[PDB]
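Here's the structure, in structure tokens; my notes come after.
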Amino acid sequence: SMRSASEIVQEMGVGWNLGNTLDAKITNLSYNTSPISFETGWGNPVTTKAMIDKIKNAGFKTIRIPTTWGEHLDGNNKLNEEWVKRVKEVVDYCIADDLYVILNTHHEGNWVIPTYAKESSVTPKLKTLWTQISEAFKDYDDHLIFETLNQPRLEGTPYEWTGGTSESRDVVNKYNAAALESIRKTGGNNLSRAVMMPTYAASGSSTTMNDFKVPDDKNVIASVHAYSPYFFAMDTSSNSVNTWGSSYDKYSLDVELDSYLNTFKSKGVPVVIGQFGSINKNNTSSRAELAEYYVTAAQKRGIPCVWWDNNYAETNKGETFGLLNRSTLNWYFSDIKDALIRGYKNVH
Numbered sequence: 010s011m012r013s014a015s016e017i018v019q020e021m022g023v024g025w026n027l028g029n030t031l032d033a034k035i036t037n038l039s040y041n042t043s044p045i046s047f048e049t050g051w052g053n054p055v056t057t058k059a060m061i062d063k064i065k066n067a068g069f070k071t072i073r074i075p076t077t078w079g080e081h082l083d084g085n086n087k088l089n090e091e092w093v094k095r096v097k098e099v100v101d102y103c104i105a106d107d108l109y110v111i112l113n114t115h116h117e118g119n120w121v122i123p124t125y126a127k128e129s130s131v132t133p134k135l136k137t138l139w140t141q142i143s144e145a146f147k148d149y150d151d152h153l154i155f156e157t158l159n160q161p162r163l164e165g166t167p168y169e170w171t172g173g174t175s176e177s178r179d180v181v182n183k184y185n186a187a188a189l190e191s192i193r194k195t196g197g198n199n200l201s202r203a204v205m206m207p208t209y210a211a212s213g214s215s216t217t218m219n220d221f222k223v224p225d226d227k228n229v230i231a232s233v234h235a236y237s238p239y240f241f242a243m244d245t246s247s248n249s250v251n252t253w254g255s256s257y258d259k260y261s262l263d264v265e266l267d268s269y270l271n272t273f274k275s276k277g278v279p280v281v282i283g284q285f286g287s288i289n290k291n292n293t294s295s296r297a298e299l300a301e302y303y304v305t306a307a308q309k310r311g312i313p314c315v316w317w318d319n320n321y322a323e324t325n326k327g328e329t330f331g332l333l334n335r336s337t338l339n340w341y342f343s344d345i346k347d348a349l350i351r352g353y354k355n356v357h
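Numbering-wise, mature numbering (1 follows the signal peptide of the UniProt record, and there is no 0) puts 77 at position 68 of the sequence shown, and it's gapless, one number per residue.
Right under this line is the structure:
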């Protein structure tokens, strides 16, 4: 039997993303090229079970395996079988370690274009893709969760990072519903498996949350990404902030997390924060304070939160979210890892 999505979310704890790995979008290869050429294409080493063991033994309860699939489809939209086999092996590392696993589609935005004009070309391909993923993983138990899309948005337009348009938010809902229908149609455990699906751009803004539509299905989870507060966590412009921990900082995060809990509850679904984190601004004390407070506040509300770990930790560079050094199996920032787990244990 499969637990309800609401039951599963209660147990997912704090999580970790295998970032810049099976999601690395490598467009100069071919659909028949070895999986390892993609997995290592953004500079990360080939994933081993020992890396997964380190994450499990630190106290994370969920791993998200972001996976980019489009480059692995042939001209008939059939997935390369060696690719599927490699994704399955990495999923198996995690499932064997008693983790919840979120398996998504990831950097598909060159072809998953949310406009009415592109709907007829996207939808059949997205449905065949999800049919094949679902079939490959049909017999997995309820620790495996599917996530339809990552940050679907109008890439390359002025609306990419501003919450979209009525049209594109509608089409994102339609793509999510089409992917879900394909998952459910494969039957077996996939009739009831929990399925995460995002708002436009996975944004937690009021506009994108409010337009989120839940299909007629009993086991849906909303997905948002919340690198919050943005100017501290992610921004490298002149607006960049490098300290965190005031009463105002805490209040602001509490109100934001309340909006996620309460908006999605009012729509009848749980919510998972599938990506969060902060970049390395030589500010570990503040990053650790934020990490602990964020996890505690989210877990008090029943919201799992999954750190984005791309194994990139270079000081004063953008997107430096790395925590586990995958080559040494030591932590780049043990204090931040410790704060994440402490925030989970504050509640559980």
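From the three backbone atoms N, C-alpha and C, an ideal C-beta is built for every residue, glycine too.
Assigned secondary structure, residue i (DSSP; H/G/I helix, E/B strand, else coil)
i	result
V264	helix
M21	coil
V110	strand
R202	coil
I45	helix
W139	helix
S255	coil
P224	coil
Other residues of its chain near residue i: CB distance less than 7 Å, five sequence neighbours each side excluded
i	result
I122	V131
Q141	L88
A67	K346 and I350
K309	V356
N85	none
Neighbourhood of residue i by C-beta distance below 6 Å, restricted to the same chain and skipping five residues each side
i	result
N334	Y341
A210	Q160 and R162
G352	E301, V304 and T305
Beta-bridge pairing of residue i - partner residues as DSSP gives them
i	result
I64	BP columns for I64 are empty, so no partner.
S232	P207 and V281
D318	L27
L88	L82
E156	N113 and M205
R73	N26 and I111
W340	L333
Contact belief for residue i with residue j at Cβ below 8 Å, rounded distance in angstroms
i	j	result
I61	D106	6 Å
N319	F330	5 Å
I74	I35	Incorrect: roughly 17 Å between the Cβ atoms, too far for contact.
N325	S295	With 8 Å as the limit, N325 and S295 do not qualify as a contact, their Cβ atoms being about 15 Å apart.
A14	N228	4 Å
Cut-off 8 Å between Cβ atoms - residues of its own chain near residue i, not counting five sequence neighbours on either side
i	result
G197	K147 and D148
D220	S175, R178, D179, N182, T208 and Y209
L270	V280, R310, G311 and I312
The region 109 to 117 touching the region 167 to 175, judged by at least three CB pairs closer than 8 Å: no
At a cut of 8 Å, does the region 298 to 313 reach the region 261 to 278 through at least three beta carbon pairs? yes
Three-pair Cβ contact test at 8 Å for the region 43 to 63 versus the region 17 to 24: no
Pairs of beta-carbons, one from the region 182 to 196 and one from the region 240 to 251, closer than 8 Å: are there three or more? no
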